[PDB]
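Residue numbers (the entry's author numbering), protein chains in the order written: chain B, 216 to 268; chain A, 9 to 529.
Given below as structure tokens:
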């Protein structure tokens, strides 16, 4: 939730950490979109539903 | 065939001029013309397209930005109909209203109607003039058009009264807003705020967090009903652009898709041309043209409006709010507040020339039923008068609501027999927006004045009135004993105090009855 204590804590974590997302298995080329790019929740759900293939 | 250039199938089609604005959805069935089977080819951004030789194509990869904005629905309709080729001053494209706005907002008053359209033109297609097309008519259209026993109404039902002669092809977004501007910190123009909201949404601007522009746009969005409609372009993108996770990306997908999903999506001054100009005989051109007003009659009816936006309770409970006991004024004064609840609001005190425990009358209370922001709290209170100099230990004062910009107070409030000049504490006092009020014209039936008190300053409480305003139950202080007050005293009230129009007001029962004649409310 915007304005929450958890938002403050997470914003603080992100802007004072170097963060990477690395995928082993799953649809390739999805981690950049999940981490940064346009639609991270959709890109994640595509990776998750892709796992069988 | 007519080739594969997008838009070609729209050209020379009848159009429902009462339908949507520049959309394929308002094209009408039968093609009017035979455009020849010979085709030109054209290169447009690496791809080959074909179209009939008789049509002309002008590529122009660019964005036209247009806004039609108005506080008045009928003016919005007129503005939207300008410069599309329909001679006369007709209100066109009536079906787009319910596409763009809820039926409630259409009928409500104090709503600002905006259409902010960004047209992504890839090319224009244009036809020959009427006189060239006359030799290119399809058989049954030619027969019907030129048969003098085929009446105008049928001809117009079958073919449309106008056809598409020129059209922009690509995709268009319509960011349409029904805004309650009276709730909206309205310093910057609504049309600019709408523009910025649209542009931030699609990422043409980024708005800085904590900016003035952010405040203005947030205010616009949370006090408007907003829709995004796409004509042409990849379908099912508008929900993501408007609301969903990544609107700037969803928009760029729609924008880069336009070549593959291009349709007729905009009109120029030459777009719609009348079928009557195609008739062989001048007598036939004229009789068809004369029939256009009756074809359009139903479409030109005004949108029904809810002008009665204040719900009045004329007989609320009156509670005593002081006497001038101890003031030394010759006359007695008692004042009474109406009790308020359920979103009903006080606009003034009731005043009496006596000391009774009971009010001689009632001060009405008003409720902003449709939440239009027509009632708004005062920004503060100033003194018309106090008892400084009377030497009485307790204090007596007449206060005025200082209205926020654009609003007016309907009555003053006396504070009587106080310890210090304590200002009114009336959480449910409101001012009323200018639009619902009339400037004070008369000041009659004096309630009271302070003479005898021996205060340096003077005051008299008068009943305000205006042509068309409800007979007021409230008072206004004049800082002198003029009897009756002169036009200078009346002028002093202008911009600050007013009377509330009968046309803006209705009782519980009148509101039920008025609303039962408006569909979907």
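Even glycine gets a Cβ: it sits at the ideal position worked out from N, Cα and C.
Length of the line joining the Cα atoms of residue 402 of chain A and residue 483 of chain A: 23 Å
Residue environment, residue 222 of chain B, which counts as buried when at least 16 other CB atoms sit within 10 Å: exposed
Limits of the unbroken alpha helix (DSSP H) element including residue 301 of chain A: 300-304
Outcome for residue 194 of chain A when other beta-carbon atoms lying within 10 angstroms are tallied against a minimum of 16: Residue 194 of chain A should be labelled buried.
Contact set between the region 252-278 of chain A and chain B, restricted to residues whose Cβ is under 7 Å from the partner: Answer in chain order: 253, 254 and 257.
Beta-bridge pairing of residue 41 of chain A - partner residues as DSSP gives them: A:145
Neighbourhood of residue 277 of chain A by C-beta distance below 8 Å, restricted to the same chain and skipping five residues each side: 91, 92 and 93
Candidates A:425, A:407 and A:344: closest to residue 337 of chain A by CA position: A:425
Closest Cα partner of residue 324 of chain A within the set A:286, A:521, A:370 and A:284: A:370
Whole-number beta carbon distance between residue 201 of chain A and residue 224 of chain A, since they are thought to touch under 8 Å: 5 Å
Top-ranked residue by Cα proximity to residue 272 of chain A, from A:53, A:25 and A:133: Selected option, being the one with the closest Cα: A:133.
Backbone secondary structure at residue 585 of chain A - three-state DSSP: Residue 585 of chain A falls outside the range modelled here, since chain A spans only 9 to 529, and no answer is possible.
Meets three-Cβ-pair contact criterion under 8 Å: the region 446-459 of chain A and the region 484-495 of chain A: Result yes; three or more Cβ-Cβ pairs closer than 8 Å.
Reference residue 329 of chain A, options A:38, A:452 and A:405, closest by Cα: A:405
Option nearest residue 131 of chain A by Cα separation, candidates A:150, A:53, A:88 and A:504: A:53
Own chain partners of residue 280 of chain A with C-beta closer than 8 Å, once the 5 adjacent residues on each side are dropped: 23, 25, 92, 93, 94, 170, 171, 172 and 173
Which listed residue (A:71, A:74 and A:99) has its alpha carbon closest to that of residue 83 of chain A: A:99
Inter-residue CB distance, residue 152 of chain A and residue 158 of chain A (contact presumed, cutoff 8 Å): About 5 Å separates the beta carbons of residue 152 of chain A and residue 158 of chain A, which is inside the 8 Å limit, making them a contact pair.
Sufficient close CB pairs (3 or more, under 8 Å) joining the region 67-85 of chain A to the region 141-148 of chain A: no
Environment of residue 231 of chain A [buried if 16+ CB atoms lie within 10 Å]: buried
Sub-7 Å separation of residue 249 of chain B and residue 258 of chain B beta-carbons: Taking 7 Å as the cut-off, the beta carbon of residue 249 of chain B is found closer than this to the beta carbon of residue 258 of chain B.
Supposed close pair residue 293 of chain A, residue 285 of chain A - CB separation, criterion 8 Å: 6 Å
For residue 272 of chain A, the residue or residues it bridges with in DSSP: DSSP lists A:177 as partners of residue 272 of chain A.
Short Cβ contact (7 Å threshold) for residue 181 of chain A with residue 126 of chain A: yes
Range of the contiguous alpha helix (DSSP H) that encloses residue 223 of chain A: 220-230
Under 7 Å between C-beta atoms of residue 188 of chain A and residue 10 of chain A: no
Residue 178 of chain A versus residue 104 of chain A: straight-line alpha-carbon distance, rounded: 19 Å
Continuous alpha helix (DSSP H) stretch holding residue 167 of chain A: start and end: 160-167
Residue(s) in a DSSP beta bridge with residue 346 of chain A: DSSP lists A:326 as the bridge partner or partners of residue 346 of chain A.
Rounded C-alpha distance that separates residue 101 of chain A from residue 30 of chain A: 9 Å
Status (buried if at least 16 other CB within 10 Å, exposed otherwise) for residue 471 of chain A: buried
Bridge-paired residues (DSSP) for residue 58 of chain A: A:49
Limits of the beta strand (DSSP E) - the one that residue 126 of chain A falls within: 120-134
Test item: CB-CB of residue 27 of chain A and residue 34 of chain A under 7 Å: yes
For residue 416 of chain A, the residue or residues it bridges with in DSSP: Note: residue 416 of chain A sits in a beta bridge opposite A:440.
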